[PDB]
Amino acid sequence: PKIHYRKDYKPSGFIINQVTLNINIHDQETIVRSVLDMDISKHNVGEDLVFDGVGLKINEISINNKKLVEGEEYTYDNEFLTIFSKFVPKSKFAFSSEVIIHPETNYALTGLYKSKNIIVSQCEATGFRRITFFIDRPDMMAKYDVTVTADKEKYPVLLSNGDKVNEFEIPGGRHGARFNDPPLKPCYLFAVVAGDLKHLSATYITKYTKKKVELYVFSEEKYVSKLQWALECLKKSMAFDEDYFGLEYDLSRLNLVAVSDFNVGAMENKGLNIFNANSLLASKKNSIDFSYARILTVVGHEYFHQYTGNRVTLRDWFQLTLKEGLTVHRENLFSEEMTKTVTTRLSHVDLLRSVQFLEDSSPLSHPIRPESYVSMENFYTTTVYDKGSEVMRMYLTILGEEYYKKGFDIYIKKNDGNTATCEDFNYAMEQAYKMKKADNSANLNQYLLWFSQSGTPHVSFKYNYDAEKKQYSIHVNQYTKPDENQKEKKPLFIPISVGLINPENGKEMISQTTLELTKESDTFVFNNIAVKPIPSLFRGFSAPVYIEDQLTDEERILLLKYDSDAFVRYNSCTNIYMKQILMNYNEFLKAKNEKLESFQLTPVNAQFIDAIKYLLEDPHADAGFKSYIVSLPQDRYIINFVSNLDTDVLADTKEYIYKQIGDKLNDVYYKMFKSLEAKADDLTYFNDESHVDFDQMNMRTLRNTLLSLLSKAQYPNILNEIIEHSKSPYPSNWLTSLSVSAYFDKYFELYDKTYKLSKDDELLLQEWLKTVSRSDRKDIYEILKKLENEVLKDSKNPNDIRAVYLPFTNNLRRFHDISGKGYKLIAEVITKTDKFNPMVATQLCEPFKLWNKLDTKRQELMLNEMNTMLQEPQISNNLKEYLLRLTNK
């Protein structure tokens, strides 16, 4: 159980200056020849030369063209190649090797593997060592000269990093291509692609240097028509980095490639970004609406890496959040500017406060810069990425746009072309902080705690207003619960963006203000406040914290209606719902525990329902925002507020609350569903793949949300609407008709209809699978079995497996069936998947992350299945480590 510690970072005693690869792809094997031009570093102390190399079959290895003999000069144990030091030269030397690998049977999808008819690599984090021997860590920077050869018919398109400098024919129907990439890079940014790829291309001319950049987007021939939006998103990303950050692309060409089998969303290999097909390909006929924001985000994300990750790289993997948190932050700025909808920021906050807050209060909780790891694959987390992004975003909130851009430029200018650490970034921001505060005395040392301290801070408020003095006070307290990482938690630097709303006319009472909370508690006083305000707190969600606003529901309602800030409006609504949910939960729980024959439930606040109606009926209000206010908080947001959560009782609670609101507003919902149709479903640009209207998609989101509400409520003759809806050309609509039809005997009719519509597009079929998996059906277990037998079968495609199972695990009532049979089902799938793909097996564990937050019976059921999984003799290191930590062993 090798544990790596952040504090233990030492530079290698070796240097690798040049990599010369020959990758020869054949039918049953791939032969990899490598020459490493190496040197001895100043940190060398005469140690053995130890290479990473996992699953390589050695034909031969050499030093300076002298063959090495196994056992006396080296040992290999399928993980580490150890060359005894006495045979290691003491100046510059060449190490060479020839190994055999087998991408055809590499179902783990790391290293070099076959996806359908495409050969592709994935090297982050430790994948390069599965291709050839290397000192596989990101601070080993080298030059790369790579030749790929293959059957010309099967693999006409050959790609790698850098410039293609030669193309040549080989006897026996083969051809080769040579790529030279002179700039130094870490090995996890190496990539190679071979296949029968088709493309779209365009030319981009950079803003300041006017350099011409060739843009290529690749897929298999069948889906080449789905590439157009991706290419537009790439143009957009380049323009945004130029316009916001002043950063131009530095290379001649950028390639994006879609493959069907991929563990994650995409990978930023230099000049050769490789994508999960579901994050690159779309068409309006064959994609749900969400694909358009997904592709925008992921193309943007990999593009912004070219600076934050690729030109400024990592010293060690413990600095992962320095490239990932920073790049998610850049991606979020981009997406907010491109979509111009408030729901974009709301969707990221919604994600963080559900999924990442759950993680941060689970036994898996870690800071965004961990102190140790066993399996690096288990560190690519919503904490490192999304909390990371919020920590990166707080610098911008604290500094404002001008000084943030000054600080960012300092970072890029002072670290371009080298490795860096989180401290480097904090340093650069600190220089900006000094400039903005106008005294060299100011510092951001406390800010570093955001990197080292795990857990979600709680922030609470108390208010005071003196009418005679016109004086207003906001007393603020912060607190982080102790956990297994820090016994004592320290106060953080918390930026609190605030406004003060005049409750009589809804107007702003003060200018934009960011309170800097740096103590455990503070009191912020405001003079010349004419009337008692309602505070608008953490505008834009200005810190990743639990907000306890201590406002009445009347005050929250007033903010919901009249505040300027989308997040505070959305949060005030969230807070009203949570108070209701907690109250009704406890009433239902008490009734169940005491086996009461009768009892009372607290009704939903009637003025709250009135406010929802007011917003819904306002034509000038935003459709996406409206869809949020008629939806209760995510189950995974709710569970952070309830101990021993009885999922049945929560399901009853949600049902009561939805019914209460629907009993008042269903006629309003129906009226809107009908009136939104013309604009929401407008077909004017349906055959234009570059025309994307995020407002219109939001209108469809609202219609489909309303349709779902009206369907669960069995609104009179709604089935008619559902049937018409299924005839819509937009897959968001006709797939919605499938899931809302669950409450009617027409379900399997629509099941068959929508299957036939989906079956001939790989990605659409996967969306169909998700829709079925998530269907609110009493026979969902039987339905899942049908999917397994008829559609999924023994597919090793991670998109297929995730589609069939993950959405189901969000079925509150059915997945958490008290028998434990849902838990048993997913555990079987995890154990089955772990035999060929440990990464995806660990992803499939996600339902278990909340295990110690449930009622005691369900806790026990989940724990049993995890221990059962842990006892599998063949369990992967990845899965074992994850479950060991999750079950607090």
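In this text, residue numbers run from 1 along the sequence as written.
J.: I need to verify one thing: averaged over C-alpha atoms only, is the B-factor higher for 337 to 345 or for 161 to 169?
T.: Of 161 to 169 and 337 to 345, the stretch with the higher C-alpha B-factor average is 161 to 169.
J.: Check the entry's C-alpha temperature factors for 303 to 311 and 540 to 548, then say which stretch has the higher mean.
T.: Comparing 303 to 311 with 540 to 548, the higher average CA B-factor belongs to 303 to 311.
J.: Based on what the PDB entry reports, which of 133, 95, 577, 694 has the top C-alpha B-factor?
T.: Among 133, 95, 577, 694, the PDB entry lists the largest C-alpha B-factor for 95.
J.: Among 219, 453, 775, 527, which residue carries the highest C-alpha B-factor recorded in the PDB entry?
T.: The listed residue with the largest C-alpha B-factor is 527.
J.: Classify residue 89 as lowest, middle or highest third according to the C-alpha B-factor given in the PDB entry, relative to its own chain.
T.: For residue 89, the deposited C-alpha B-factor lands in the highest third.
J.: Hey, what third does residue 55 fall into on Cα B-factor, ranked over its chain?
T.: Middle third, going by the recorded CA B-factors of the chain.
J.: Where does residue 426 sit by CA temperature factor within its chain: lowest, middle or highest third?
T.: Ranked within chain, residue 426 CA B lands in the middle tercile.
J.: Taking only the Cα B-factors deposited for this chain, tell me whether residue 176 sits in the lowest, middle or highest third.
T.: According to the entry, residue 176 has a C-alpha B-factor in the chain's highest third.
J.: Which third of the chain holds residue 393 when residues are ordered by C-alpha B factor: lowest, middle or highest?
T.: According to the entry, residue 393 has a C-alpha B-factor in the chain's lowest third.
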